[PDB]
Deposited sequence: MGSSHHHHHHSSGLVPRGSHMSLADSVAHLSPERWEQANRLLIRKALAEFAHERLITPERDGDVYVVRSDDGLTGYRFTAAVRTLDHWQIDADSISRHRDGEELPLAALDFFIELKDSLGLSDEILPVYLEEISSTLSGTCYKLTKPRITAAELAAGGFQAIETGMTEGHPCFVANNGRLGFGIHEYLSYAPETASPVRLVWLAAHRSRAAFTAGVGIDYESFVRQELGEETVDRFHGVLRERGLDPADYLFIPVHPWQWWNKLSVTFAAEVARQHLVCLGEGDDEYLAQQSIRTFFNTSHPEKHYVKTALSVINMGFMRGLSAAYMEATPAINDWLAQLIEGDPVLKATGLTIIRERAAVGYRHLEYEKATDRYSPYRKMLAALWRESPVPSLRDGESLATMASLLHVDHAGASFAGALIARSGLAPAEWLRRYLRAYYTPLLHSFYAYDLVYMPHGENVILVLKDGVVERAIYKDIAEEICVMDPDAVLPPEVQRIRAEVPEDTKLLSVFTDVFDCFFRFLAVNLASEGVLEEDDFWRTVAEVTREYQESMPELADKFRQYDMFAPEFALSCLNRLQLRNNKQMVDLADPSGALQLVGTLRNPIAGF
């Protein structure tokens, strides 16, 4: 941000009321889904009352599959003492403090998170109007940075707390501001580099930075009388350097355990994960995931980091060695190298969970771009839930561009993304956290050719504690209750992603809900019928059970161990 006026230009009364209307609509919809509130009918209108009962929220809505509340945002009115009141998200959460589990200690910081979400919405409303169809054809990073919703379940989901407004405008992914990494040299008595198969440190940094920059960086070390052979390069988010490391790790800088090397040349864009950077100067080079000590202090831990490339190499060999997965086109983009720093004094003074141990670390992830064949393009799977200012579905614009039948388009999408989740569960007892942000879709002519998974090591799990795995990999084992294993599919895919996709394709008039879930059931049976030898597992974990548990995402957020209250009708049980 340059001037004082520009710093708050996005905050206008009009944009604010629109942002408050959209957030309250989502709060009402997802709080009702999670049975934290229970709207009552009154005529052709639903009503939700505050704790005290003196304030009423009235709206029109239709309940859809999986208890999805489809609320008209323009129908929402707020009433008290027979007087209509403006919509105000902050008042809304205060008035339902007790209905939501908001402790006295969490409510103020929750409101701050809401103010930041509302502010980001205000900023996004200042961005040029772009339609769904124009967004489909706009490019990988135009799609990444053109997302407005964020996670579709969490009400407080786009909080950039810890960023001043100038830093929000420089670093938030929706601003599409170019970012340059700061590079430190870390002494090898305190830093360690871990690489996957085929990676050599000296050639790795040469490929990433180019030899001219590497030699310039060496000159900084030698000008101080230091030997480059004793040091490792660590890339650092500028916010982390200026606001944290330069002060908190001052002792490491002064003693030359860390040396500030300079800025890197290449321009990067923050992704939806704000600490993960895509290289736009060189899209073929690695993503860089950085440590970022902002609170929800968060960061990136150096502990679990030593095995991360090996877990990625393991899973890649697993997909290649399996014709069922290779036939879906499933690939991952591997975490390929990692570097971690050990602040020995903070280590002595802290336990393993302290944010002082997550302040300096990075990892590198393969770019999906060199895998692209002719006419293929990249889109975050999150984009399938995007809706433009006119109410058009991004997924709809893809179906129209494909000229395919909607159910046929959907079947190809499910073959590429959904089928491999089933095989991983039944063949290998293997699950992910397969939400929108950690899946990249490959599109040709509007059609999903294949899927790419990312964010592997921190997310994958084998639900067999006595399964044969390499030593570096064994740590991804766990014992999961038999009743809960299958929620990996119902919660994370059905209730947290398809629920929204099916409602949006129906609302647009593209595909009825029944056909959507029919198609889902067809594809599940197709995979089932193709693997008879796994039938013992299909019976013990039935995808077609009539009900499964309702896992509530906002409830977990309002606590600071899953939050299961009640059950949902399984959409595929009668197909």
* To do: Provide the list of deposited-sequence positions lacking C-alpha coordinates, grouped into contiguous ranges.
  => 1 to 19, 316 to 318, 583 to 594
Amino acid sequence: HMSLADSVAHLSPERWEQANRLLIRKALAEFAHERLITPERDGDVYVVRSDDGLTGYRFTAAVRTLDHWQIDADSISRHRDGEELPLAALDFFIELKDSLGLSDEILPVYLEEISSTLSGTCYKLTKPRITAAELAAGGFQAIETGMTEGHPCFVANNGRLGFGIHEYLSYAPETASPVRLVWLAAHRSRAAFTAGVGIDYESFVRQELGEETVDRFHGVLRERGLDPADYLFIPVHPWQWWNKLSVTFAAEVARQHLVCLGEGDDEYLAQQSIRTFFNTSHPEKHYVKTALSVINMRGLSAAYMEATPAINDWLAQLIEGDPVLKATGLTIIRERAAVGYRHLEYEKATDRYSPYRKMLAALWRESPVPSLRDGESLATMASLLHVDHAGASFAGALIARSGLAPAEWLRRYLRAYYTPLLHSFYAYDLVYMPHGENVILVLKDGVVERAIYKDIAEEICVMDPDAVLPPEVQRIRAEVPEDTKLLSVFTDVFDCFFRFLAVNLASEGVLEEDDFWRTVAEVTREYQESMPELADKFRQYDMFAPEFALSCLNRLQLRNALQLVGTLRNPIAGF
From here on, numbers count along this sequence of modelled residues.
* **Entry-level comparison of average CA B-factors, 487 to 495 and 234 to 242, reporting the higher stretch** => 487 to 495
* On average, which has the higher Cα B-factor in the deposited entry, 348 to 356 or 429 to 437? -> 429 to 437
* To do: Kindly indicate the residue among 176, 369, 186, 404 with the greatest C-alpha B-factor in the PDB record.
  => 404
* How does residue 408 rank on Cα B-factor within its chain, lowest, middle or highest third? -> highest
* **Modelled-residue ranking by C-alpha temperature factor, third containing residue 91** => middle
* **Ranked C-alpha temperature factor of residue 363 among modelled chain residues, by third** => lowest
* Asked: Lowest, middle or highest third: where is residue 97 by Cα B-factor in its chain?
  -> middle
* To do: Compare the C-alpha B factor of residue 76 with those of the other modelled residues in its chain, then answer lowest, middle or highest third.
  => middle
